[PDB]
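Below sits a lone chain in structure tokens, taken as the form deposited in one PDB entry.
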């Protein structure tokens, strides 16, 4: 009943009333840049630092498996092609739904609590087209770039393990092997997942803040509701996308 169609229809309506409408551009450009700084630039530290660690692990736990199979040169093909096909777009979606997927619901649900959104709508300004949409377009263009930064630092960390720790190969690691890895179709299959996860993370991270019960115990339950659903949906959409992108 309730979750049957009420919540989904309302969470789709708050988006069809937040993207399609007046084509205002040069009034939102000052908002889109600040929302890029909030949702995209601030969160960068949580995806750079946690990009090296999930990188250095990916090498250190992989280097000790390939070594048993006498193929330590494929390490670059193992680190990159893993944190660029599966782990990149999903780990940087989880760490996004954490840092910038809850700071959105704890923000646009905190506005709704202090009657900030209704005070916007009490002018002529639409609360959706002015508060939702800048944050939405800041979410769906910062995540597909955050995953790129995350994959870059992940490959650098994998190098820091498979090169700086066990100095067996300085250029055989990536200068020769990753050339057969870093091809276009792989980055495309990574960016598709990054964009779909950006949409799904920042749509249910921007709806729980808009559909929260306006109280300190309603926004703080919706915050965790986004961190939960924006991990369930990330993993589920990841399985579906992987079935479609490699199950052929």
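Each form is matched to the other, and the largest set of C-alpha atoms that superpose within 1.5 Å is called the rigid core. Residue numbers count along the first chain shown, from 1.
The following text describes the form deposited in another entry, which does not appear among the structures shown.
- Lining up the core between this form and the one not shown shows that one residue from 195, 46, 181, 57 moves its Cα 2 Å or more, and that residue is 181.
- Taking the rigid core as fixed, one finds a CA shift for residue 236 smaller than 2 Å between this form and the one not shown.
- After superposing the rigid core, the C-alpha of residue 159 moves by 2 Å or more between this form and the one not shown.
- The two forms, fitted on the rigid core, differ between this form and the one not shown by 2 Å or more at the CA of residue 21.
- Relative to this form, residue 71 and residue 176 approach one another in that other deposited form, with their C-alpha atoms ending up at least 3 Å closer.
- In that other deposited form, the Cα-Cα separation between residue 22 and residue 145 shrinks by 3 Å or more relative to the displayed conformation.
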